[PDB]
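Listing of model.csv, CSV, C-alpha atoms and all ligand atoms
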chain,number,residue,atom,x,y,z
A,37,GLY,CA,0.0,0.0,0.0
A,38,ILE,CA,1.2,3.5,-1.0
A,39,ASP,CA,0.3,5.3,2.2
A,40,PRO,CA,3.5,5.5,4.3
A,41,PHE,CA,1.6,4.6,7.4
A,42,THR,CA,0.4,1.4,5.8
A,43,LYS,CA,3.8,0.5,4.4
A,44,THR,CA,5.4,1.0,7.8
A,45,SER,CA,2.8,-1.3,9.4
A,46,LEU,CA,3.6,-4.0,6.8
A,47,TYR,CA,7.3,-3.6,7.3
A,48,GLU,CA,7.1,-3.7,11.1
A,49,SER,CA,4.9,-6.8,11.0
A,50,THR,CA,7.0,-8.7,8.6
A,51,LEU,CA,10.2,-7.8,10.5
A,52,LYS,CA,8.8,-9.3,13.6
A,53,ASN,CA,7.5,-12.4,11.8
A,54,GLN,CA,10.9,-13.1,10.1
A,55,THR,CA,12.9,-12.3,13.2
A,56,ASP,CA,10.7,-14.8,15.2
A,57,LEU,CA,11.4,-17.5,12.5
A,58,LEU,CA,15.1,-16.8,12.4
A,59,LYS,CA,15.1,-17.2,16.2
A,60,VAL,CA,13.5,-20.7,15.9
A,61,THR,CA,16.3,-21.8,13.6
A,62,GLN,CA,18.8,-20.3,16.0
A,63,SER,CA,17.2,-22.2,18.9
A,64,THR,CA,17.2,-25.4,16.8
A,65,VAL,CA,21.0,-25.2,16.4
A,66,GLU,CA,21.5,-24.3,20.1
A,67,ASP,CA,19.4,-27.1,21.4
A,68,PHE,CA,21.1,-29.7,19.1
A,69,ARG,CA,24.5,-28.6,20.6
A,70,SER,CA,23.4,-28.5,24.2
A,71,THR,CA,21.7,-31.9,24.1
A,72,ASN,CA,24.8,-33.5,22.7
A,73,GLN,CA,27.0,-31.6,25.3
A,74,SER,CA,24.9,-32.8,28.2
A,75,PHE,CA,25.1,-36.4,26.9
A,76,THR,CA,28.9,-36.1,26.6
A,77,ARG,CA,29.2,-34.7,30.1
A,78,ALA,CA,27.0,-37.5,31.5
A,79,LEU,CA,29.2,-40.1,29.8
A,80,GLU,CA,32.4,-38.4,31.1
A,81,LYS,CA,31.0,-38.6,34.7
A,82,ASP,CA,30.1,-42.3,34.4
A,83,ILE,CA,33.6,-43.2,33.1
A,84,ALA,CA,35.4,-41.1,35.6
A,85,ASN,CA,33.4,-42.6,38.5
A,86,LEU,CA,34.8,-46.1,37.7
A,87,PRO,CA,37.6,-47.1,40.1
A,88,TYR,CA,41.1,-46.7,38.8
A,89,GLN,CA,41.5,-50.5,38.7
A,90,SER,CA,38.8,-50.6,36.0
A,91,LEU,CA,40.6,-47.9,33.9
A,92,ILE,CA,44.3,-48.8,34.0
A,93,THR,CA,44.5,-51.9,31.9
A,94,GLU,CA,43.4,-52.1,28.3
A,95,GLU,CA,41.4,-55.3,29.0
A,96,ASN,CA,39.6,-53.6,31.9
A,97,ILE,CA,38.9,-50.6,29.8
A,98,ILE,CA,37.3,-52.9,27.1
A,99,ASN,CA,35.2,-54.8,29.7
A,100,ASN,CA,34.2,-51.9,31.9
A,101,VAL,CA,34.1,-48.8,29.7
A,102,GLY,CA,33.0,-50.6,26.6
A,103,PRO,CA,29.4,-51.4,27.8
A,104,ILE,CA,29.0,-47.8,28.9
A,105,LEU,CA,30.0,-46.5,25.5
A,106,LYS,CA,27.6,-49.0,23.8
A,107,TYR,CA,24.6,-48.1,26.1
A,108,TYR,CA,25.2,-44.4,25.6
A,109,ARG,CA,25.6,-44.8,21.9
A,110,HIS,CA,22.3,-46.7,21.7
A,111,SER,CA,20.4,-44.3,23.9
A,112,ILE,CA,21.0,-41.4,21.5
A,113,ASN,CA,21.5,-43.3,18.2
A,114,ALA,CA,25.0,-41.9,17.9
A,115,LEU,CA,27.2,-43.1,15.0
A,116,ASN,CA,30.3,-43.8,17.2
A,117,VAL,CA,31.2,-43.4,20.8
A,118,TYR,CA,34.8,-43.9,21.8
A,119,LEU,CA,37.7,-43.3,24.2
A,120,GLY,CA,41.1,-42.5,22.9
A,121,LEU,CA,44.2,-43.3,24.9
A,122,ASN,CA,47.6,-41.8,25.1
A,123,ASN,CA,49.1,-45.0,23.6
A,124,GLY,CA,47.3,-44.2,20.4
A,125,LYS,CA,44.6,-46.9,20.8
A,126,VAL,CA,40.9,-46.1,20.8
A,127,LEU,CA,38.1,-48.1,22.4
A,128,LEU,CA,35.4,-47.8,19.8
A,129,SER,CA,31.6,-48.5,20.0
A,130,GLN,CA,30.4,-48.1,16.4
A,131,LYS,CA,27.0,-48.6,14.7
A,132,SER,CA,26.9,-51.9,12.8
A,134,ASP,CA,26.2,-56.6,13.7
A,135,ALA,CA,26.2,-56.1,17.5
A,136,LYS,CA,29.9,-56.9,17.9
A,137,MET,CA,31.5,-55.8,21.1
A,138,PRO,CA,33.5,-52.6,21.3
A,139,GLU,CA,37.1,-53.1,20.1
A,140,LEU,CA,40.4,-51.5,20.9
A,141,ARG,CA,41.6,-50.1,17.5
A,142,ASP,CA,45.3,-49.2,16.9
A,143,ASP,CA,45.0,-47.9,13.4
A,144,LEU,CA,43.0,-44.6,13.7
A,145,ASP,CA,45.9,-42.2,14.0
A,146,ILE,CA,44.1,-40.4,16.8
A,147,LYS,CA,46.9,-38.0,17.8
A,148,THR,CA,46.6,-36.4,14.3
A,149,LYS,CA,42.9,-35.7,14.9
A,150,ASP,CA,41.6,-32.3,16.0
A,151,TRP,CA,38.9,-34.0,18.2
A,152,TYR,CA,41.8,-35.6,20.2
A,153,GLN,CA,44.3,-32.8,20.1
A,154,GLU,CA,41.8,-30.0,20.9
A,155,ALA,CA,40.2,-31.8,23.8
A,156,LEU,CA,43.6,-31.7,25.5
A,157,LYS,CA,43.8,-27.9,25.1
A,158,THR,CA,40.5,-27.0,26.8
A,159,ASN,CA,38.7,-28.1,29.9
A,160,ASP,CA,35.4,-27.8,28.0
A,161,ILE,CA,33.8,-30.1,25.5
A,162,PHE,CA,35.3,-29.5,22.0
A,163,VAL,CA,32.9,-29.5,19.0
A,164,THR,CA,34.4,-30.1,15.6
A,165,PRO,CA,33.2,-28.8,12.3
A,166,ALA,CA,31.5,-31.4,10.3
A,167,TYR,CA,33.9,-33.9,8.7
A,168,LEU,CA,34.0,-37.4,7.1
A,169,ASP,CA,34.4,-40.0,9.8
A,170,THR,CA,37.0,-42.5,8.9
A,171,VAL,CA,35.2,-45.5,10.6
A,172,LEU,CA,31.7,-45.4,9.0
A,173,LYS,CA,32.4,-42.9,6.3
A,174,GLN,CA,29.5,-40.5,7.1
A,175,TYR,CA,29.7,-36.8,7.8
A,176,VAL,CA,29.7,-36.2,11.6
A,177,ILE,CA,30.0,-33.5,14.2
A,178,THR,CA,32.2,-34.7,17.0
A,179,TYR,CA,31.9,-33.8,20.6
A,180,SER,CA,35.1,-34.6,22.5
A,181,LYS,CA,36.1,-34.3,26.2
A,182,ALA,CA,39.4,-35.1,28.0
A,183,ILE,CA,38.4,-37.3,30.9
A,184,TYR,CA,40.3,-36.8,34.2
A,185,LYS,CA,40.0,-38.8,37.4
A,186,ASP,CA,41.8,-37.3,40.5
A,187,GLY,CA,43.5,-34.9,38.1
A,188,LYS,CA,44.9,-37.7,36.0
A,189,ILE,CA,44.0,-38.0,32.3
A,190,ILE,CA,42.2,-41.3,31.4
A,191,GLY,CA,41.7,-40.5,27.7
A,192,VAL,CA,39.7,-38.4,25.3
A,193,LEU,CA,36.0,-39.3,25.0
A,194,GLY,CA,34.4,-38.8,21.5
A,195,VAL,CA,30.9,-38.8,20.4
A,196,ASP,CA,30.0,-38.7,16.6
A,197,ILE,CA,26.6,-37.5,15.6
A,198,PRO,CA,25.7,-37.4,11.9
A,199,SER,CA,25.7,-33.9,10.6
A,200,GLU,CA,22.6,-34.8,8.6
A,201,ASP,CA,20.7,-34.9,12.0
A,202,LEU,CA,21.3,-31.2,12.4
A,203,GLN,CA,20.6,-30.5,8.7
A,204,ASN,CA,17.2,-32.3,9.0
A,205,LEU,CA,16.2,-30.4,12.1
A,206,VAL,CA,17.0,-27.1,10.5
A,207,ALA,CA,15.2,-28.1,7.3
A,208,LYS,CA,12.0,-28.8,9.2
A,209,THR,CA,11.7,-25.4,10.8
A,210,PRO,CA,9.2,-22.8,9.5
A,211,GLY,CA,10.3,-20.1,7.3
A,212,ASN,CA,12.9,-19.7,4.4
A,213,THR,CA,15.7,-20.3,6.8
A,214,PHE,CA,19.2,-21.6,6.1
A,215,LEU,CA,22.5,-22.1,7.8
A,216,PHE,CA,26.1,-21.5,6.6
A,217,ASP,CA,29.1,-23.3,8.1
A,218,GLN,CA,32.3,-21.6,9.4
A,219,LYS,CA,33.7,-21.3,5.8
A,220,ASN,CA,30.4,-19.6,4.7
A,221,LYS,CA,29.3,-22.7,2.7
A,222,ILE,CA,25.7,-23.6,2.7
A,223,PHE,CA,25.1,-26.3,5.3
A,224,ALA,CA,21.3,-26.6,5.8
A,225,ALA,CA,18.1,-25.2,4.4
A,226,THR,CA,14.4,-25.5,4.5
A,227,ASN,CA,14.3,-25.1,0.7
A,228,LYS,CA,16.6,-27.9,-0.6
A,229,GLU,CA,17.3,-25.9,-3.7
A,230,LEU,CA,19.5,-23.5,-1.7
A,231,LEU,CA,21.9,-26.4,-1.3
A,232,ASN,CA,23.0,-26.2,-5.0
A,233,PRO,CA,26.8,-25.4,-4.6
A,234,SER,CA,26.6,-23.0,-7.5
A,235,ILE,CA,24.0,-20.8,-6.0
A,236,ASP,CA,25.2,-17.3,-5.2
A,237,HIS,CA,24.8,-16.3,-1.6
A,238,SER,CA,27.0,-13.1,-1.8
A,239,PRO,CA,24.0,-10.7,-1.7
A,240,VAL,CA,22.7,-12.1,1.6
A,241,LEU,CA,26.2,-12.5,3.1
A,242,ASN,CA,27.2,-9.0,2.0
A,243,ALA,CA,24.0,-7.5,3.4
A,244,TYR,CA,24.6,-9.4,6.7
A,245,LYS,CA,28.2,-8.1,6.8
A,246,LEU,CA,26.9,-4.5,6.6
A,247,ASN,CA,24.0,-4.8,8.9
A,248,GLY,CA,25.0,-7.3,11.7
A,249,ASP,CA,23.2,-9.9,13.8
A,250,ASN,CA,19.4,-9.9,13.7
A,251,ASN,CA,19.3,-6.6,11.8
A,252,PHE,CA,16.6,-6.8,9.0
A,253,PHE,CA,17.9,-5.7,5.6
A,254,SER,CA,16.8,-5.1,2.0
A,255,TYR,CA,18.6,-6.7,-1.0
A,256,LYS,CA,18.1,-7.4,-4.7
A,257,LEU,CA,17.6,-10.7,-6.7
A,258,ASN,CA,17.0,-10.4,-10.5
A,259,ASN,CA,16.1,-6.7,-9.9
A,260,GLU,CA,13.4,-7.6,-7.4
A,261,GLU,CA,13.5,-6.6,-3.7
A,262,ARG,CA,13.9,-9.1,-0.9
A,263,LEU,CA,14.1,-8.8,2.8
A,264,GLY,CA,16.2,-10.8,5.3
A,265,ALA,CA,18.3,-11.1,8.4
A,266,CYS,CA,21.1,-13.3,9.6
A,267,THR,CA,22.8,-14.0,12.9
A,268,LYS,CA,25.8,-15.9,14.1
A,269,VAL,CA,25.0,-19.1,16.0
A,270,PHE,CA,28.3,-20.6,17.2
A,271,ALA,CA,30.4,-20.8,14.1
A,272,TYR,CA,27.4,-21.0,11.8
A,273,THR,CA,25.5,-18.2,10.2
A,274,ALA,CA,21.7,-18.5,10.3
A,275,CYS,CA,19.6,-16.5,7.8
A,276,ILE,CA,16.1,-15.9,6.6
A,277,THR,CA,14.9,-14.2,3.5
A,278,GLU,CA,11.6,-13.4,1.8
A,279,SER,CA,10.2,-11.4,-1.0
A,280,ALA,CA,9.5,-7.8,-0.3
A,281,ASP,CA,6.1,-8.1,-2.1
A,282,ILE,CA,4.6,-8.1,1.4
A,283,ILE,CA,5.5,-4.4,1.9
A,284,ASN,CA,5.6,-3.2,-1.8
A,285,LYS,CA,2.4,-4.8,-3.1
A,301,LIG,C1,38.1,-42.2,15.4
A,301,LIG,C2,36.8,-41.9,14.6
A,301,LIG,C3,35.7,-42.6,15.3
A,301,LIG,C4,36.6,-40.4,14.4
A,301,LIG,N1,35.3,-40.1,13.8
A,301,LIG,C5,37.7,-39.9,13.3
A,301,LIG,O1,37.3,-40.0,12.1
A,301,LIG,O2,38.8,-39.6,13.7
How would this structure read if it were set down as C-alpha cells?
Amino acid sequence: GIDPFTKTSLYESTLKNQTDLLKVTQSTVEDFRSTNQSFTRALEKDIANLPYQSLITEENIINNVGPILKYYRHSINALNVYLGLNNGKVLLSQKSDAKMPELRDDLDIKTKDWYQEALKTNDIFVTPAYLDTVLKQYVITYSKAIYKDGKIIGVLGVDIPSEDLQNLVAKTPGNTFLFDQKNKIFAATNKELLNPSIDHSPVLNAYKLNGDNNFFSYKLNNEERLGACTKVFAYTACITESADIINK
C-alpha cells in the first residue's frame, strides 16, 4: 500500500515475523548442541566414576568402559562413541552386527583435532562437520578429556551425523538456512539452496553491513527481498523473503 503509514505497518509486522522465525532456527542449532553436550558430560561422569583399577589396563577398559559406550551410543543413536588413549589406541563402539567394542590401533588419533583440541581445553570440544573414517559419514564430533583425581584417562568422543542437524533445520518454519564456518551452505528449509553454485553473496554481503538480527533489503533479478542473519556458534543462520509483502 502506497500510504507510508500502511507500508510501515507491513514492514514492522514482517520484520517481527521473520525475526521470530530466524530465532526458531537459532534455537534449533542451540538445542542440538546443548543436548549433545549434556550427553557427553554424563558419559564423562560415568567413566570417571569407575575405580582406577577398571581404567588402568586395556582389557579392563574394554570390559568396563565398553558397555557404557555402547549403552550411551544406543540411547541417543550416535554413530560412534569412543575413548582414545595416550598409547594411540581407541576403544570404539560403532554402529553396525552387534559386535562388542574393540580396541583399535589404526585410527591415527593423535593427528585428529577431536583428540588434540580436547587436551587444550577443559570444555567439550565441538568439531566442524567432517568425514568420519570409521563409518564414512559426515559427523559432528563432541570430545572431552576425561580426568579422574587430576589424572587423564583419555579423550572421549561422540560422533553425531551432521545430517541430523541438517534435517532439524530443514523442518523449521520459514525460508531459513545455515552456513558453516567457511560460509558454505550447510542446511536449508528449501533444498534448492543447497546447490553449490547458488550465489549467496548478496545475503552474506548484506549481513556483513548490517550485523546480527538486523533486518535488511537486497536485490535478486532486480526484485526486492528482505532478510536477516545472525551468528550461531560458528554458523551463520539467515532468513529471506520477497519484499512483495511491503511493496504490493
Ligand atoms: C576415530 C573416529 C571414530 C573419528 N570419527 C575420526 O574420524 O577420527
Legend entry - Surroundings of ligand LIG 301 (chain A) up to 8 Å, based on only C-alpha atoms and all ligand atoms, as an NGL selection string: :A and (116-118 or 126 or 128 or 130 or 144-146 or 149 or 151 or 167-172 or 176 or 178 or 194-196)
Legend entry - Residue among A:187, A:87, A:211, A:264 lying closest to residue 60 in chain A, counting only C-alpha atoms: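 Closest residue, counting only C-alpha atoms: A:211.
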Legend entry - Counting all atoms listed in the file, the residue of A:254, A:111, A:218, A:180 that sits nearest residue 80 in chain A: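 Result for the nearest residue to residue 80 in chain A: A:180.
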Inset, instruction - To one decimal in Å, tell me the separation between CA of residue 134 in chain A and CA of residue 198 in chain A. - result: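 Separation between CA of residue 134 in chain A and CA of residue 198 in chain A: 19.3 Å.
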Legend entry - residue 189 in chain A surroundings by only C-alpha atoms, 10 Å radius, close-in-sequence under 5 positions cut, as an MDAnalysis selection string: chainID A and resid 84 121:122 156 182:184
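The two atoms in question, CA of residue 61 in chain A and CA of residue 208 in chain A, are spaced 9.3 Å apart.
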Legend entry - One-decimal distance in Å that lies between CA of residue 280 in chain A and CA of residue 265 in chain A: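 Atom-to-atom, CA of residue 265 in chain A and CA of residue 280 in chain A are spaced 12.8 Å apart.
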What's around range 233-238 of chain A at 12 Å? Count only C-alpha atoms, leave out sequence neighbours fewer than 2 positions away in its own chain, and write the answer as a compact mmCIF listing (two decimals) with C-alpha atoms, keeping the file's coordinate frame.
# COMPACT_ATOMS: atom_id res chain seq x y z
CA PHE A 214 19.20 -21.60 6.10
CA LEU A 215 22.50 -22.10 7.80
CA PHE A 216 26.10 -21.50 6.60
CA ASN A 220 30.40 -19.60 4.70
CA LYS A 221 29.30 -22.70 2.70
CA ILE A 222 25.70 -23.60 2.70
CA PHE A 223 25.10 -26.30 5.30
CA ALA A 224 21.30 -26.60 5.80
CA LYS A 228 16.60 -27.90 -0.60
CA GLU A 229 17.30 -25.90 -3.70
CA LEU A 230 19.50 -23.50 -1.70
CA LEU A 231 21.90 -26.40 -1.30
CA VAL A 240 22.70 -12.10 1.60
CA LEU A 241 26.20 -12.50 3.10
CA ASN A 242 27.20 -9.00 2.00
CA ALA A 243 24.00 -7.50 3.40
CA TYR A 244 24.60 -9.40 6.70
CA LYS A 245 28.20 -8.10 6.80
CA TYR A 255 18.60 -6.70 -1.00
CA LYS A 256 18.10 -7.40 -4.70
CA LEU A 257 17.60 -10.70 -6.70
CA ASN A 258 17.00 -10.40 -10.50
CA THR A 273 25.50 -18.20 10.20
CA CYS A 275 19.60 -16.50 7.80
CA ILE A 276 16.10 -15.90 6.60
CA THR A 277 14.90 -14.20 3.50
Legend entry - Exercise: residue 103 in chain A partners within 9 Å, only C-alpha atoms, chain neighbours under 3 positions left out, as an MDAnalysis selection string: chainID A and resid 98:100 106:108 129 137:138
Inset, instruction - Using only C-alpha atoms, pick whichever of A:283, A:104, A:161, A:266 has the shortest atom-to-atom distance to residue 56 in chain A. - result: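 Nearest candidate to residue 56 in chain A out of A:283, A:104, A:161, A:266: A:266.
Nearest to residue 203 in chain A of all the residues A:93, A:64, A:250, A:159 is A:64, counting only C-alpha atoms.
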Inset, instruction - Find the spatial neighbours of residue 69 in chain A, counting only C-alpha atoms, within a cut-off of 10 Å - ignore same-chain residues fewer than 4 positions away - and output them as a PyMOL selection string. - result: chain A and resi 63-65+73-74+163+177+179+202+270
